[PDB]
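Notes follow once the structure below has been shown.
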Amino acid sequence: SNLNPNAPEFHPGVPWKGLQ
Amino acid sequence: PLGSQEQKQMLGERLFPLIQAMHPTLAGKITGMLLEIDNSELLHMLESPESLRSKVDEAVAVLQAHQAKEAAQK
């Protein structure tokens with residue numbers, strides 16, 4: 001239920017940041 | 001490990017077109033916030049368009065609330 005506004009943006013075709 | 005990382009990437013690849021159709025301007029940000037939650041809810045959101053709408057509407061309000069806090073500073 002907790003959403004982070006500072007979450008990394010998702011862009012198709014490029015690896016998502018904050019990927020663990 | 002790297003398998004779960006590919007699972008998180010592909011879930012974003014499935015969610016992005018649906019969110020871009022819903023909220024095209026801020027689709028990239030909503031997908032990034034929704035990708036932080038557990039994968040079990042993400043697979044459910046792809047099957048139910050109403051559950052995806054509820055999470056997206058909650059995500060857009062989170063960004064709207066944070067923009068007001070950032071605007072109150074400078």
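Starting from 1 in every chain, residues are counted up; chains themselves are A, B, ... following the order of the structure tokens, and ligands are numbered from 1 as listed.
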
With a distance threshold of 7 Å and counting only C-alpha atoms, extract the residues of chain B near chain A and express them as a PyMOL selection string.
-> chain B and resi 5+9+13+28-29+31-33+59+62-63+66

Take the residues that were just selected and, keeping N, CA, C and O atoms, output them as a CSV table (one decimal), in the first residue's frame.
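Final file, out_38.csv:
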```csv
chain,number,residue,atom,x,y,z
B,5,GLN,N,15.1,-10.4,-11.7
B,5,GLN,CA,15.3,-9.1,-12.4
B,5,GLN,C,14.7,-9.1,-13.8
B,5,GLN,O,14.1,-8.1,-14.2
B,9,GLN,N,11.5,-6.8,-15.1
B,9,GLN,CA,11.5,-6.0,-16.3
B,9,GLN,C,10.3,-6.4,-17.3
B,9,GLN,O,9.7,-5.5,-17.8
B,13,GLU,N,7.2,-4.3,-18.9
B,13,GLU,CA,6.9,-4.3,-20.3
B,13,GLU,C,5.5,-4.6,-20.6
B,13,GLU,O,4.9,-4.2,-21.6
B,28,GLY,N,5.5,6.5,-17.5
B,28,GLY,CA,6.7,5.9,-17.1
B,28,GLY,C,6.9,6.0,-15.6
B,28,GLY,O,7.5,5.0,-15.0
B,29,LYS,N,6.5,7.0,-14.9
B,29,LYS,CA,6.6,7.1,-13.5
B,29,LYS,C,5.7,6.2,-12.7
B,29,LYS,O,6.1,5.5,-11.7
B,31,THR,N,4.5,3.3,-13.8
B,31,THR,CA,5.0,2.0,-13.9
B,31,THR,C,6.2,1.7,-13.0
B,31,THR,O,6.3,0.6,-12.4
B,32,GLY,N,7.1,2.7,-12.8
B,32,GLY,CA,8.2,2.5,-11.9
B,32,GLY,C,7.8,2.4,-10.4
B,32,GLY,O,8.3,1.6,-9.7
B,33,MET,N,6.7,3.2,-10.0
B,33,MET,CA,6.3,3.1,-8.6
B,33,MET,C,5.5,1.7,-8.4
B,33,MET,O,5.7,1.1,-7.4
B,59,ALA,N,-1.4,5.7,-7.5
B,59,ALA,CA,-0.1,6.1,-7.8
B,59,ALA,C,-0.1,7.6,-8.3
B,59,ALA,O,0.8,8.3,-8.0
B,62,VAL,N,-0.3,9.8,-5.4
B,62,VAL,CA,0.9,9.9,-4.6
B,62,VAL,C,1.9,10.9,-5.2
B,62,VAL,O,2.5,11.7,-4.5
B,63,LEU,N,2.0,10.9,-6.6
B,63,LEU,CA,2.9,11.9,-7.2
B,63,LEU,C,2.3,13.3,-7.1
B,63,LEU,O,3.0,14.3,-7.0
B,66,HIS,N,3.2,14.5,-3.6
B,66,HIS,CA,4.6,14.8,-3.4
B,66,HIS,C,5.0,16.1,-4.2
B,66,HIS,O,5.9,16.8,-3.8
```

Counting only C-alpha atoms, the residue of B:60, B:18, B:68, B:27 that sits nearest residue 48 of chain B =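 Nearest candidate to residue 48 of chain B out of B:60, B:18, B:68, B:27: B:18.
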
Polymer residues at most 12 Å from residue 22 of chain B, only C-alpha atoms, same-chain spacing of 2 or more positions, as a PDB file with N, CA, C and O atoms, in the first residue's frame:
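Written out: around.pdb:
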```pdb
ATOM      1  N   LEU B  15       2.937  -3.990 -18.263  1.00  0.00           N
ATOM      2  CA  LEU B  15       2.134  -2.959 -17.616  1.00  0.00           C
ATOM      3  C   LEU B  15       2.197  -1.623 -18.346  1.00  0.00           C
ATOM      4  O   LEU B  15       1.211  -0.877 -18.342  1.00  0.00           O
ATOM      5  N   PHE B  16       3.333  -1.303 -18.968  1.00  0.00           N
ATOM      6  CA  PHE B  16       3.516   0.027 -19.547  1.00  0.00           C
ATOM      7  C   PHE B  16       2.501   0.356 -20.636  1.00  0.00           C
ATOM      8  O   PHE B  16       1.928   1.459 -20.593  1.00  0.00           O
ATOM      9  N   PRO B  17       2.239  -0.505 -21.631  1.00  0.00           N
ATOM     10  CA  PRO B  17       1.239  -0.134 -22.647  1.00  0.00           C
ATOM     11  C   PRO B  17      -0.142   0.119 -22.069  1.00  0.00           C
ATOM     12  O   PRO B  17      -0.840   1.035 -22.520  1.00  0.00           O
ATOM     13  N   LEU B  18      -0.558  -0.675 -21.080  1.00  0.00           N
ATOM     14  CA  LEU B  18      -1.865  -0.464 -20.466  1.00  0.00           C
ATOM     15  C   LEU B  18      -1.905   0.845 -19.687  1.00  0.00           C
ATOM     16  O   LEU B  18      -2.906   1.570 -19.732  1.00  0.00           O
ATOM     17  N   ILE B  19      -0.829   1.163 -18.965  1.00  0.00           N
ATOM     18  CA  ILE B  19      -0.786   2.415 -18.217  1.00  0.00           C
ATOM     19  C   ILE B  19      -0.632   3.600 -19.164  1.00  0.00           C
ATOM     20  O   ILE B  19      -1.202   4.674 -18.931  1.00  0.00           O
ATOM     21  N   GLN B  20       0.130   3.429 -20.248  1.00  0.00           N
ATOM     22  CA  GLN B  20       0.261   4.507 -21.224  1.00  0.00           C
ATOM     23  C   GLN B  20      -1.069   4.805 -21.898  1.00  0.00           C
ATOM     24  O   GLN B  20      -1.353   5.960 -22.232  1.00  0.00           O
ATOM     25  N   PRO B  24      -1.134   8.585 -20.303  1.00  0.00           N
ATOM     26  CA  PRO B  24       0.020   8.620 -21.216  1.00  0.00           C
ATOM     27  C   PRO B  24       1.140   9.556 -20.791  1.00  0.00           C
ATOM     28  O   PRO B  24       2.309   9.239 -21.045  1.00  0.00           O
ATOM     29  N   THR B  25       0.838  10.682 -20.143  1.00  0.00           N
ATOM     30  CA  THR B  25       1.886  11.660 -19.856  1.00  0.00           C
ATOM     31  C   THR B  25       2.855  11.152 -18.794  1.00  0.00           C
ATOM     32  O   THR B  25       4.076  11.272 -18.947  1.00  0.00           O
ATOM     33  N   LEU B  26       2.333  10.585 -17.707  1.00  0.00           N
ATOM     34  CA  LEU B  26       3.153  10.117 -16.596  1.00  0.00           C
ATOM     35  C   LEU B  26       3.167   8.592 -16.492  1.00  0.00           C
ATOM     36  O   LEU B  26       3.280   8.037 -15.396  1.00  0.00           O
ATOM     37  N   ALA B  27       3.062   7.904 -17.632  1.00  0.00           N
ATOM     38  CA  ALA B  27       3.024   6.445 -17.623  1.00  0.00           C
ATOM     39  C   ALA B  27       4.330   5.851 -17.111  1.00  0.00           C
ATOM     40  O   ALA B  27       4.322   4.847 -16.390  1.00  0.00           O
ATOM     41  N   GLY B  28       5.463   6.458 -17.468  1.00  0.00           N
ATOM     42  CA  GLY B  28       6.744   5.910 -17.053  1.00  0.00           C
ATOM     43  C   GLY B  28       6.942   5.951 -15.551  1.00  0.00           C
ATOM     44  O   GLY B  28       7.534   5.039 -14.967  1.00  0.00           O
ATOM     45  N   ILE B  30       4.446   6.041 -13.165  1.00  0.00           N
ATOM     46  CA  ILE B  30       3.498   5.155 -12.494  1.00  0.00           C
ATOM     47  C   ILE B  30       3.955   3.706 -12.600  1.00  0.00           C
ATOM     48  O   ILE B  30       3.814   2.924 -11.651  1.00  0.00           O
ATOM     49  N   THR B  31       4.510   3.323 -13.752  1.00  0.00           N
ATOM     50  CA  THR B  31       5.027   1.967 -13.905  1.00  0.00           C
ATOM     51  C   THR B  31       6.198   1.714 -12.964  1.00  0.00           C
ATOM     52  O   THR B  31       6.326   0.621 -12.401  1.00  0.00           O
ATOM     53  N   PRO B  49      -8.618  -5.359 -15.380  1.00  0.00           N
ATOM     54  CA  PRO B  49      -8.432  -3.929 -15.673  1.00  0.00           C
ATOM     55  C   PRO B  49      -8.898  -3.012 -14.557  1.00  0.00           C
ATOM     56  O   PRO B  49      -8.425  -1.871 -14.480  1.00  0.00           O
ATOM     57  N   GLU B  50      -9.808  -3.466 -13.693  1.00  0.00           N
ATOM     58  CA  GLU B  50     -10.278  -2.616 -12.606  1.00  0.00           C
ATOM     59  C   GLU B  50      -9.238  -2.512 -11.497  1.00  0.00           C
ATOM     60  O   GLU B  50      -9.069  -1.446 -10.894  1.00  0.00           O
ATOM     61  N   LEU B  52      -5.975  -2.765 -11.923  1.00  0.00           N
ATOM     62  CA  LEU B  52      -4.927  -1.894 -12.445  1.00  0.00           C
ATOM     63  C   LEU B  52      -5.316  -0.428 -12.309  1.00  0.00           C
ATOM     64  O   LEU B  52      -4.480   0.417 -11.969  1.00  0.00           O
ATOM     65  N   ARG B  53      -6.585  -0.109 -12.576  1.00  0.00           N
ATOM     66  CA  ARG B  53      -7.049   1.269 -12.450  1.00  0.00           C
ATOM     67  C   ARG B  53      -6.955   1.762 -11.012  1.00  0.00           C
ATOM     68  O   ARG B  53      -6.627   2.930 -10.770  1.00  0.00           O
ATOM     69  N   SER B  54      -7.241   0.890 -10.044  1.00  0.00           N
ATOM     70  CA  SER B  54      -7.184   1.305  -8.646  1.00  0.00           C
ATOM     71  C   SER B  54      -5.753   1.598  -8.216  1.00  0.00           C
ATOM     72  O   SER B  54      -5.504   2.561  -7.482  1.00  0.00           O
ATOM     73  N   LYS B  55      -4.797   0.779  -8.662  1.00  0.00           N
ATOM     74  CA  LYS B  55      -3.403   1.015  -8.304  1.00  0.00           C
ATOM     75  C   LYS B  55      -2.842   2.228  -9.036  1.00  0.00           C
ATOM     76  O   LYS B  55      -2.029   2.975  -8.480  1.00  0.00           O
ATOM     77  N   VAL B  56      -3.263   2.438 -10.286  1.00  0.00           N
ATOM     78  CA  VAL B  56      -2.798   3.595 -11.044  1.00  0.00           C
ATOM     79  C   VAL B  56      -3.358   4.885 -10.455  1.00  0.00           C
ATOM     80  O   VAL B  56      -2.634   5.876 -10.298  1.00  0.00           O
ATOM     81  N   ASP B  57      -4.651   4.895 -10.118  1.00  0.00           N
ATOM     82  CA  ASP B  57      -5.242   6.074  -9.494  1.00  0.00           C
ATOM     83  C   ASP B  57      -4.608   6.372  -8.142  1.00  0.00           C
ATOM     84  O   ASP B  57      -4.503   7.539  -7.750  1.00  0.00           O
ATOM     85  N   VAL B  60      -1.072   7.953  -9.100  1.00  0.00           N
ATOM     86  CA  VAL B  60      -1.133   9.328  -9.587  1.00  0.00           C
ATOM     87  C   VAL B  60      -1.369  10.296  -8.432  1.00  0.00           C
ATOM     88  O   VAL B  60      -0.850  11.418  -8.432  1.00  0.00           O
TER      89      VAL B  60
END
```

Atom-to-atom span, atom CA of residue 6 of chain B and atom CA of residue 61 of chain B, Å |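 Rounded to one decimal, the two atoms are 28.4 Å apart.
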
Hey, what does DSSP flag as helix (DSSP H, G or I) within segment 3-59 of chain B? Can you give it to me as a ChimeraX atom specification?
-> /B:3-22,27-34,39-47,49-59
